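Below you'll find the structure I mean.
Below, read A as the first sequence line, B as the second, and so on, with proteins coming before strands; counting in each chain starts at 1. In what follows, every heavy atom counts, from backbone to side chain, and hydrogens, waters and symmetry copies are set aside.
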Protein chains: 2
Amino acid sequence: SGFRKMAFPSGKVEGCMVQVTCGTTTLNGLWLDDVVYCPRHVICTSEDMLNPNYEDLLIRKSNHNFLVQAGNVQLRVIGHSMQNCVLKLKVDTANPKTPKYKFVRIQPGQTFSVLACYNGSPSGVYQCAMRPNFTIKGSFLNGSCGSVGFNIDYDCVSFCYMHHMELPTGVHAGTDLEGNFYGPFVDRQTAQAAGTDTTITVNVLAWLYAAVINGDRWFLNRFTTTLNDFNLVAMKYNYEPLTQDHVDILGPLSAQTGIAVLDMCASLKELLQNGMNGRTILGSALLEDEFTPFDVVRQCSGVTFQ
Amino acid sequence: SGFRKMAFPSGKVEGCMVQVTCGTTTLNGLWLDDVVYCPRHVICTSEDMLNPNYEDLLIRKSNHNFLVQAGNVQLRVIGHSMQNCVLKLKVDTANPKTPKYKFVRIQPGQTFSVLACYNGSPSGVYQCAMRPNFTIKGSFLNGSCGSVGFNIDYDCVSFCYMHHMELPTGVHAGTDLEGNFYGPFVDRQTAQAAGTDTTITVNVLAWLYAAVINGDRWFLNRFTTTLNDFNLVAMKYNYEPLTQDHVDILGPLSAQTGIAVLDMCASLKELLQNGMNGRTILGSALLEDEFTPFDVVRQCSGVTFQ
Ligand SMILES: *[C@](O)(C(N)=O)[C@H](C[C@@H]1CCNC1=O)NC(=O)[C@@H]1[C@@H]2[C@H](CN1C(=O)CNc1c(F)cc(F)cc1F)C2(C)C
Ligand SMILES: *[C@](O)(C(N)=O)[C@H](C[C@@H]1CCNC1=O)NC(=O)[C@@H]1[C@@H]2[C@H](CN1C(=O)CNc1c(F)cc(F)cc1F)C2(C)C
Ligand SMILES: [Ca+2]
Ligand SMILES: [Ca+2]
Ligand SMILES: [Cl-]
């Protein structure tokens with residue numbers, strides 16, 4: 001028993017982390033086979049960043065301008081191109097530790113692990129969600145750019161995120177591994193603000209199922225609701241609409257606990273309208289929306305990876 | 001910016017995890033050089049566990065009775081002994097992935113990462129604290145026994161915990177790597193209860209320093225207090241006494257923020273007596289006591305490991 005915010009084991013991603021230096025700028029790179037992926041603003045100095053011409057700045061650079069280190073060892077760059085907001089540096093050595101991997105673009109509401117890195121060396125690992133407003137609530141300092149976020153499915157690392165920037169309010173923005181931003185953000189030092197966020201309703205329900213499984217059951221009421229009446233209440237409290245797909249995805253947790261999704265919706269409606277009255281659920285005083293239904297089943301079923 | 005509950009990168013510990021089977025019972029082992037460390041109750045069946053004679057049960061076992069798998073590969077056991085609550089199985093192959101490591105016995109209040117494992121395969125990683133009552137608030141299912149907890153100091157893995165058991169209220173108990181229990185617990189299925197817990201005062205202060213560093217400053221008052229007057233208030237709210245050692249350990253965060261430890265004590269006293277009035281600190285509605293001063297400086301300074 002017990003429920004913790006749990007990250008994927010980081011070992012397969014640790015073996016892929018390198019340092020990329022171009023001039024004054026060092027950040028992190030991801031070394032898969034014979035390619036290093038990093039943020040394209042490694043080619044910028046301090047003044048450049050207000051409004052850089054990347055395509056232009058990159059012409060003034062030769063392969064030899066990029067210093068790539070995998071721990072001690074220097075990797076020799078033998079090619080380089082820009083894809084959207086990411087650099088691909090071809091190196092003369094394939095990474096012998098390259099895991100089986102995929103590049104995925106995750107959906108808002110989905111979770112992943114971040115391996116926070118400085119100078120190509122891993123700092124820590126923590127679980128995040130892609131917020132509805134396409135930001136993450138991370139912990140990133142200057143030097144963390146190029147750190148990646150990922151899921152592991154048995155032996156396969158699905159890379160979904162590369163860190164580029166911080167926004168007002170201490171939230172973070174980045175790209176998929178094809179260098180396309182999540183949300184409307186751009187890799188320029190301009191006035192950019194995150195959209196208003198919303199609470200990921202399906203994840204809050206998944207977490208109430210995690211509470212029941214763990215014997216924290218005080219908030220279960222005797223009532224049901226319709227999907228329509230539920231979404232009218234959710235709307236007031238800045239919660240995303242619950243869809244039928246969301247209901248279907250909650251099916252297995254519903255069946256394991258013997259609590260219909262619409263009955264759990266009736267309990268969430270009461271919590272939203274009445275508050276928690278100083279009580280906790282799974283040790284928390286606020287409703288948690290950063291656990292997917294999959295995360296709940298995995299953690300409560302003890303699913304493992306290669 | 002941003003503050004997350006962050007685990008150590010798990011890669012060095014992942015390479016040490018194996019499966020140990022004795023009869024019907026499979027749990028996890030830690031393979032360092034040519035020795036596998038696991039919980040000694042791997043030699044028990046279901047009925048044994050009410051009050052096992054370990055010394056006795058272990059005599060009926062030969063080396064060949066222990067099936068040890070490192071992924072696919074079987075390891076051949078060529079020796080076995082019991083040290084307190086742990087088995088040492090000598091194997092004919094030294095682990096080529098053995099990191100530089102130490103066995104440490106941590107102090108209550110100190111944090112570590114758990115690599116949750118099933119059938120020798122890693123599940124997830126999360127940060128825990130050794131509670132004052134010698135329990136941890138973990139996430140452990142049947143099959144997780146032998147999972148280890150650890151700190152990384154640059155290249156060196158300090159093993160401090162091996163998982164043995166769950167207690168009433170969904171909290172967990174285990175041993176150091178010399179097989180001695182943290183707290184008064186025993187590896188028998190008896191009525192055992194955790195002592196009353198207390199809040200780790202020094203860690204709450206470290207976390208308020210983390211809030212200020214991150215620009216969450218609303219709870220800072222204009223007052224100071226003496227150490228004695230502070231500890232009289234702490235006592236009422238079931239907080240540990242703050243010692244001079246604790247004050248000295250908070251010195252660097254005090255200096256970085258320009259807030260004397262006794263001034264921050266005055267602010268915590270007001271929070272304890274008045275509550276948070278529906279406000280949050282670093283996104284939390286409750287005071288957090290599972291971040292050490294070291295954890296705060298590391299996460300806010302971007303310290304990395306080999
Ligand atoms: C990254 O380049 C690195 N070397 O680590 C760095 C990471 C951030 C520093 C602080 N925390 C981070 O995650 N990224 C950047 O410096 C990016 C790059 C230029 C500006 N920028 C920002 O993050 C700007 N941040 C910012 C705010 F957070 C808030 C605000 F009001 C204005 C800001 F500029 C690029 C986007 C090219
Ligand atoms: C471990 O042996 C394994 N194979 O994973 C297992 C781990 C626990 C199962 C549930 N969560 C765990 O962390 N340990 C045990 O089964 C230990 C071993 C015998 C009993 N036991 C318990 O954990 C008993 N738990 C228990 C309570 F949690 C609460 C309660 F009121 C009574 C209990 F027995 C040993 C201690 C030898
Ligand atoms: Ca050269
Ligand atoms: Ca044999
Ligand atoms: Cl909370």
Seminar exercise, completed: When the 4.5 angstrom heavy-atom criterion is applied to B:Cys300 and chain A, the contacting part is backbone
Exercise. When only pairs under 4.5 Å are counted, which of B:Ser121, B:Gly170, B:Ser123, B:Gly2 shares the most heavy-atom pairs with chain A?
Worked result: B:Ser123
Exercise. B:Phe305 versus chain A, heavy atoms under 4.5 Å apart: side chain, backbone, both or neither?
Worked result: both
Problem set entry | A:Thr280 portion near chain B, given a 4.5 angstrom heavy-atom threshold | side chain
Problem set entry | Distance in Å, A:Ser139 OG paired with B:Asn214 CG, rounded so as to fall on 0.5 Å steps | 7.5 Å
Exercise. Which one of B:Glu14, B:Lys137, B:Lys12 has the most heavy-atom pairs closer than 4.5 Å to chain A?
Worked result: B:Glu14
Problem set entry | Atom group of A:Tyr118 that falls short of 4.5 Å from chain B, counting heavy atoms | both
Exercise. Based on non-hydrogen pairs under 4.5 Å, which of A:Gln306, A:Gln299, A:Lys5 is most in contact with chain B?
Worked result: A:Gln299
Problem set entry | Heavy-atom side-chain contact between A:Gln127 and B:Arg4 under 4.5 Å | no
For this session: Measure across A:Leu141 and B:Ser1 and return the closest heavy-atom pair with its distance rounded to 0.1 Å.
Result: CD2-N, 4.2 Å
Exercise. How far apart are the closest heavy atoms of B:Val125 and A:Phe8, and which atoms are they?
Worked result: CG1-O, 3.7 Å
Problem set entry | Choice from B:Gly11, B:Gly15, B:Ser144, B:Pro122 maximising heavy atom contacts with chain A below 4.5 Å | B:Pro122
For this session: Taking all heavy atoms of A:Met6 and all of B:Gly124, pick out the closest pair and write down the distance.
Result: CG-CA, 3.7 Å
